[PDB]
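Those sequence lines, one after another, are chains A and A'. A prime marks a further copy of an entry chain. Going by the entry's author numbering, the letters in the first sequence line up with residues 299 to 343, 348 to 717, in that order. Going by the entry's author numbering, the letters in the second sequence line up with residues 299 to 343, 348 to 717, in that order. Written below as structure tokens is the structure these notes are about.
2 protein chains.
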Amino acid sequence: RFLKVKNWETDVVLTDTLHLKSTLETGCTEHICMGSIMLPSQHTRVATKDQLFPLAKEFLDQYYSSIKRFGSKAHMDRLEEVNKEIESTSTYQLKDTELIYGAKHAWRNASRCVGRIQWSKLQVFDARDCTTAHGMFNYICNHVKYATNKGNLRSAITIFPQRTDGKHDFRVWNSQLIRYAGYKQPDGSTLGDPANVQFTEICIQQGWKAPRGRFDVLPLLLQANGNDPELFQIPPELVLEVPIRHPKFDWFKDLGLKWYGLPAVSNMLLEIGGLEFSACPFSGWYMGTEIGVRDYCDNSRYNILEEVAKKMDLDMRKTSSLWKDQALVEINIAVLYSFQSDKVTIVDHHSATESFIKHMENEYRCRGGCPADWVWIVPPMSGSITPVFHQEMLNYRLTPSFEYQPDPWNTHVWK
Amino acid sequence: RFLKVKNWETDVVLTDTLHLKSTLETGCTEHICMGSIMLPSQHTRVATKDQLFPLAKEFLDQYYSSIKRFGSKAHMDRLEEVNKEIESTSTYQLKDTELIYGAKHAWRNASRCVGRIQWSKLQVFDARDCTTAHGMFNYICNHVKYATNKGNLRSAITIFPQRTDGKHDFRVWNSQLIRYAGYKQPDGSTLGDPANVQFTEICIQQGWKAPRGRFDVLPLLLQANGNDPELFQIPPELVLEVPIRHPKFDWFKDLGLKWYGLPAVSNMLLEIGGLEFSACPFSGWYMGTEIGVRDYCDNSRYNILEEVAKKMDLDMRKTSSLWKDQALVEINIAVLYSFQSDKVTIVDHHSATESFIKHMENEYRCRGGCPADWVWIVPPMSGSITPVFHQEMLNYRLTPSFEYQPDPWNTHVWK
Ligand code: HEM
Ligand code: HEM
Ligand SMILES: CNCCc1cc(F)c(F)c(OCc2cc(C)cc(N)n2)c1
Ligand SMILES: CNCCc1cc(F)c(F)c(OCc2cc(C)cc(N)n2)c1
Ligand SMILES: C[C@H](O)[C@H](O)[C@H]1CNc2nc(N)[nH]c(=O)c2N1
Ligand SMILES: C[C@H](O)[C@H](O)[C@H]1CNc2nc(N)[nH]c(=O)c2N1
Ligand SMILES: [Zn+2]
């Protein structure tokens with residue numbers, strides 16, 4: 299029952315008992331593994351009252367077990383108190399402290415996150431008093447400014463009010479708070495970021511006047527209490543950006559690339575004690591590969607491996623001349639060097655995967671486990687030269703959690 | 299029931315119905331995914351008579367469905383014929399054709415194999431008449447010579463006689479037919495290949511006179527009909543080797559590395575219709591990364607990233623100077639270039655992963671699926687610049703299959 303996971307670079311073995319507290323399902327069966335499906339039928343988020355108290359109870363029982371006073375009268379009475387309020391309102395409200403705990407443990411439990419060694423150092427911004435798209439914008443700018451901290455980035459999350467009936471739903475329609483624009487071309491090609499081309503046209507549908515260039519920071523599309531969303535543009539001074547130069551190649555400035563400092567995922571659902579927070583944007587700092595490998599070199603993204611290999615003077619005819627590999631390392635050396643010479647917080651994929659193994663160690667000791675998705679933990683380049691490649695990982699689903707959810711423009715009763 | 303898998307670089311979708319014919323279990327449950335455990339409790343191989355005919359029946363039913371004459375009298379009578387022989391002997395014997403089919407489909411079903419586009423072009427060598435360690439040696443040399451084909455490598459498998467009672471068990475004790483020796487040092491370090499140090503000392507235990515150097519090709523340790531194994535050394539002329547030079551760096555010869563042409567896994571079990579072939583060595587050709595990334599650069603293997611970065615003139619102080627990445631591409635450019643200038647069959651990780659996606663396509667059309675292990679299919683460097691990174695894959699276990707098995711020196715009743 300109490301399963302073993304081994305490291306095959308160090309022969310270290312740890313025991314996972316944490317997977318017994320696990321509740322949610324994975325998509326795998328005894329006869330089929332889905333560990334490489336992207337948005338499994340489980341990982342995406348209408349829930350009634352009768353189901354709510356067991357979820358409320360289970361969360362409150364682990365939160366009081368956390369502050370060491372499990373079973374005390376404060377536990378017993380808060381149990382009865384929430385019970386009573388779920389009778390009355392068929393929902394309930396989290397204590398300020400229960401929100402910080404749940405938020406921090408949703409991140410802690412995110413099995414696809416390699417940065418979780420920092421899970422407790424998270425700044426929780428309670429925006430459950432917010433009532434308008436403008437109030438959302440104001441909270442979001444205060445988050446951007448705070449988390450950016452003049453390049454010395456800090457982890458944070460802003461939590462807008464919980465879903466209630468369903469038709470009243472706070473949603474940031476952006477996938478990340480800071481994203482570059484995507485414009486298709488008259489010749490069928492694409493300027494900027496091809497991922498966002500669909501969203502970029504929704505923004506222009508709602509009145510965005512596009513500057514039709516490369517790295518055009520998109521505006522926010524904020525939906526408040528189930529209403530129709532509204533465009534707001536983050537003050538340019540609040541969006542920090544890093545221009546990408548190389549420490550050897552003085553032709554790398556001519557490439558003219560740049561990336562924003564702050565990764566801030568905004569389209570996810572935060573679940574705490576059965577309550578569903580439909581808008582909860584959260585930020586940390588970048589691992590280099592997310593920009594240098596995936597962002598710049600994905601085929602359906604910026605796809606610069608073409609030009610980078612050109613200026614490098616590379617054998618670009620043969621597939622097996624590994625020109626793609628060679629230009630990929632130079633690109634990620636440049637993202638790192640640029641962010642670091644500007645005191646903008648960035649982590650390389652070696653340092654971050656070592657931290658996770660270190661993190662994993664503490665989790666198996668003082669918690670009995672650490673759910674981890676190998677498919678996602680392993681960096682997208684130089685896999686087996688980083689220690690996580692050789693680390694077996696048990697994946698399983700614990701709550702509080704971050705879940706995917708449908709994009710709003712497919713579900714919103716428009717007008 | 300009939301699950302979808304998507305590509306997120308091309309938006310291609312395929313439907314998997316093949317997973318319905320699946321029989322064996324994976325290790326995952328509805329509440330836990332094991333897709334990154336290395337030797338799962340299932341993937342490793348004493349079986350009685352009553353269980354044998356359903357397995358014999360199921361295999362014969364798909365083999366006759368293969369030659370288009372499913373349900374014919376040849377099918378009906380071969381069914382009765384094997385049934386009768388499993389009454390009489392409580393085992394049975396495969397037709398020469400049933401052995402070629404089962405062997406080819408064991409490979410076809412190997413979900414961790416990226417090379418399976420070639421699954422039908424496999425040369426089956428029937429060594430079920432073999433009775434001695436010398437006969438095993440003779441079959442194995444004929445395999446080495448054939449599969450090597452003067453550098454124009456060809457896929458093959460030699461199948462020694464099936465397990466019967468259990469205590470009579472043909473086993474190649476080597477993990478691969480051609481492997482370099484592993485010697486620990488007086489200072490605690492290691493010369494040669496650290497993986498094999500345990501096996502290298504068993505060979506010297508049984509009389510191997512070690513030339514205590516780097517790339518010393520080990521000798522075979524062959525156990526015949528459950529007997530004690532015996533050392534034989536493959537004629538040096540039959541072991542083809544590639545010295546590793548770089549197409550730019552004339553200091554790369556000075557590194558003095560070399561690798562053997564023929565990957566030939568020998569320690570696995572071949573299962574066909576409930577019959578267990580405990581010795582079945584099989585070979586193809588190398589994907590570059592297996593040598594350049596894993597073999598040369600694994601920490602517990604040859605670990606050359608050290609010296610390669612030195613001669614390259616590299617920033618080796620900082621972790622984030624990606625010196626490890628940079629030297630890893632040069633190393634794999636050199637393995638490829640060396641093998642190719644010698645007409646020794648090698649495939650680069652881009653060409654081989656494109657072939658697999660192409661392969662996957664045909665499998666989902668003319669078979670309804672293709673079991674695949676993402677954790678193993680993705681090359682161990684430059685993950686997301688190869689198309690398999692973006693390909694969802696359903697893993698599941700179909701038979702005929704290759705299974706792991708215990709090493710013999712832990713299970714053999716010695717004398
Ligand atoms: C502090 C520095 C952080 C680093 C270095 C980091 C790193 C990463 C990376 C590289 C990924 C993979 C994303 C991708 O490749 O598309 C990821 C995923 C993720 N991270 Fe972290 N992250 C950090 C902070 C955070 C924070 C503050 C949260 C939440 C409060 C978080 C929760 C998550 C979640 C929910 C996922 C995705 C799981 C999924 O897709 O199902 N991370 N992280
Ligand atoms: C023809 C050229 C071939 C190529 C390019 C190729 C490539 C590969 C590679 C790179 C691996 C991963 C091994 C590792 O990383 O440790 C692998 C695994 C494997 N291959 Fe292939 N291979 C070839 C031929 C074959 C043949 C002839 C067979 C069997 C008849 C086979 C069956 C397997 C099996 C059983 C595994 C391992 C599955 C496991 O570990 O459970 N392959 N192959
Ligand atoms: C299909 N691709 C989905 C991309 C994706 C999905 C998520 F659900 C994430 F959470 C995520 O996070 C990226 C990230 C976030 C933070 C806070 C720090 C950091 N370094 N990286 C990225
Ligand atoms: C813990 N590591 C286990 C290593 C391992 C285990 C297996 F079960 C394999 F089958 C294998 O095959 C490597 C290989 C074989 C062939 C025929 C061609 C090729 N290119 N590569 C390697
Ligand atoms: C097909 C596969 O599920 C998909 O490409 C995944 C693989 N692993 C990943 N890992 C990370 N960190 N980010 C990703 O977007 C993905 N994509
Ligand atoms: C921990 C993990 O299961 C282990 O390192 C696996 C990962 N994927 C692999 N993939 C291949 N091709 N070969 C391997 O040896 C491994 N090792
Ligand atoms: Zn699984």
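Even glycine gets a Cβ: it sits at the ideal position worked out from N, Cα and C.
Cβ-based contacts, 7 Å cut-off: residues of the stretch 474-490 of chain A near chain A':
Taking 7 Å as the upper bound on Cβ-Cβ separation, chain A' lies near no residue of the stretch 474-490 of chain A.
Closest by CA to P513 of chain A, which one among A:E539, A:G453, A:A449 and A:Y482? Among A:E539, A:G453, A:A449 and A:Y482, the Cα nearest to that of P513 of chain A belongs to A:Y482.
- Message: Tell me which residues share the same chain as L607 of chain A' and place their Cβ nearer than 6 Å to its Cβ, disregarding the 5 neighbours each side in the sequence.
- Response: So the list reads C599, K626 and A629, once near-sequence residues are dropped.
(request) Indicate, with yes or no, if ligand 4 has a heavy atom lying under 8 Å from the CB of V567 of chain A'. (result) For ligand 4, at least one heavy atom lies less than 8 Å from the Cβ of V567 of chain A'.
(Q) Using CA atoms only, rank isn't needed, just tell me which of A':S320, A':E387, A':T466 and A':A408 is closest to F355 of chain A'. (A) If we check each option's Cα against that of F355 of chain A', A':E387 comes out closest.
Please identify the residue among A':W711, A':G671, A':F551 and A':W716 whose C-alpha is closest to the C-alpha of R699 of chain A'.
Checking every option, the nearest Cα to that of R699 of chain A' belongs to A':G671.
ask   = Between the beta-carbon of residue 345 of chain A and the beta-carbon of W716 of chain A, is there less than 9 Å?
value = For residue 345 of chain A, no position is available: the coordinates of chain A end at 343 and pick up again at 348.
Item checked: Outcome for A408 of chain A when other beta-carbon atoms lying within 10 angstroms are tallied against a minimum of 16 -> By the 10 Å Cβ count, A408 of chain A comes out buried.
Taking Cβ positions only, does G590 of chain A' come closer than 9 Å to chain A? Chain A, which has a Cβ nearer than 9 Å to the Cβ of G590 of chain A', makes this yes.
- Query: How would you label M378 of chain A', buried or exposed, when you count the other beta carbons within 10 angstroms and need 16 or more for buried?
  - Reply: Label assigned to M378 of chain A': exposed.
Rounded Cβ spacing between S339 of chain A and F472 of chain A (contact assumed at less than 8 Å): Not really, about 25 Å apart at Cβ, beyond 8 Å.
If you draw a straight line from the alpha carbon of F534 of chain A' to that of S657 of chain A, how long is it in whole angstroms?
Rounded to the nearest angstrom, the two C-alpha atoms are 47 Å apart.
* Endpoints, alpha helix (DSSP H) assigned at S653 of chain A -> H651 to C668 is the span of the alpha helix (DSSP H), which, as asked, contains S653 of chain A.
### Residues from the stretch 595-614 of chain A' in contact with chain A, defined by Cβ distance under 8 Å
For the stretch 595-614 of chain A', the residues whose beta carbon sits under 8 Å from a beta carbon of chain A are, in order, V595, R596, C599, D600, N601, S602 and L607.
**Message:** Helix, strand or coil for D398 of chain A? Go by DSSP, reduced to three states.
**Reply:** Helix at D398 of chain A.
What does the Cβ neighbour count give for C668 of chain A', buried or exposed, with the cut at 16 atoms within 10 Å? Flag for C668 of chain A' reads exposed.
- Query: Do you know whose CA, among A':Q464, A':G586, A':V384 and A':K359, lies nearest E573 of chain A''s CA?
  - Reply: When only C-alpha atoms are compared, the closest one is A':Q464.
* Pick out the complete alpha helix (DSSP H) segments inside the stretch 385-468 of chain A, 4 residues or longer, and give them in chain order. => Those alpha helix (DSSP H) runs which fall completely within the stretch 385-468 of chain A and span 4+ residues are 398-410 and 435-450.
DSSP beta-bridge partners of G484 of chain A | Checking the DSSP bridge columns, you'll see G484 of chain A partnered with A:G494.
Output yes if chain A places a C-beta closer than 9 Å to the C-beta of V303 of chain A'; else output no. Yes, contact with chain A.
Would the C-beta of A405 of chain A count as close to ligand 1, meaning under 8 Å from any of its heavy atoms? Taking 8 Å as the cut-off, one finds at least one heavy atom of ligand 1 near enough to the beta carbon of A405 of chain A.
Can you confirm whether the stretch 486-501 of chain A touches the stretch 544-556 of chain A when touching is taken to mean that 3 or more C-beta pairs between the two stretches lie within less than 8 Å? With contact defined as three or more Cβ pairs closer than 8 Å, the stretch 544-556 of chain A and the stretch 486-501 of chain A are not in contact.
Assess, as a yes-or-no matter, whether the stretch 549-556 of chain A' is touched by the stretch 434-442 of chain A' under the definition of 3 or more beta carbon pairs within less than 8 Å.
With the cut-off at 8 Å, the stretch 434-442 of chain A' and the stretch 549-556 of chain A' do not touch.
Does the stretch 319-332 of chain A come close enough to the stretch 321-338 of chain A' to have 3 or more Cβ pairs within less than 8 Å? Touching, yes.
Q: Using 8 Å as the cut-off, classify the Cβ of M336 of chain A' as near or not near the heavy atoms of ligand 7, replying yes or no.
A: Flag unset: Cβ of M336 of chain A' not near ligand 7.
- request: Flag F691 of chain A as yes when its Cβ comes closer than 8 Å to any non-hydrogen atom of ligand 6, and as no otherwise.
  value: Because some heavy atom of ligand 6 lies under 8 Å away, the Cβ of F691 of chain A counts as near it: yes.
Original post:
Would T450 of chain A be called buried (16 or more neighbouring beta carbons within 10 Å of its own) or exposed?
Top reply: Counting Cβ neighbours within 10 Å, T450 of chain A comes out buried, since at least 16 surround it.
- Query: Between the stretch 406-429 of chain A and chain A', which residues of the former have CB atoms less than 8 Å from a CB of the latter, in chain order?
  - Reply: When C-beta distances to chain A' are compared with 8 Å, every residue of the stretch 406-429 of chain A stays at or above that value.
Q | Pairwise C-alpha distance: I659 of chain A' and residue 345 of chain A' | A | Coordinates for residue 345 of chain A' are simply not present: the residues of chain A' run from 343 and resume at 348.
*Rounded to whole angstroms, how far is the Cβ of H651 of chain A from the Cβ of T688 of chain A, which I believe are closer than 8 Å?*
Yes, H651 of chain A and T688 of chain A are in contact; Cβ-Cβ is about 6 Å, under 8 Å.
### Message
Closer than 8 Å to a non-hydrogen atom of ligand 7 - does that hold for the CB of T324 of chain A?
### Response
Distance from the C-beta of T324 of chain A to the nearest heavy atom of ligand 7 is below 8 Å.
Q | CA-to-CA distance, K302 of chain A' to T313 of chain A', given in whole angstroms | A | Going from the Cα of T313 of chain A' to the Cα of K302 of chain A' covers about 5 Å.
Next item on the list: Might you give, ordered along the chain, the residues of its own chain that have their beta carbon closer than 7 Å to the beta carbon of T315 of chain A, omitting 5 neighbours on each side?
Entry: Cβ neighbours of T315 of chain A within its own chain (closer than 7 Å, five residues either side excluded): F300, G670 and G671.
**OP:** Mind listing the chain A neighbours of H341 of chain A'? Cutoff is C-beta to C-beta under 7 Å, in chain order.
**Re:** Here the premise fails: no neighbours, minimum Cβ distance about 12 Å.
Relative to ligand 7, is the shortest distance from any of its heavy atoms to the C-beta of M332 of chain A smaller than 8 Å? Yes, Cβ of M332 of chain A sits closer than 8 Å to a heavy atom of ligand 7.
Review point. What separation, rounded to the nearest whole angstrom, lies between the Cα atoms of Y448 of chain A' and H341 of chain A'?
Key: Approximately 30 Å, taken between the alpha carbons.
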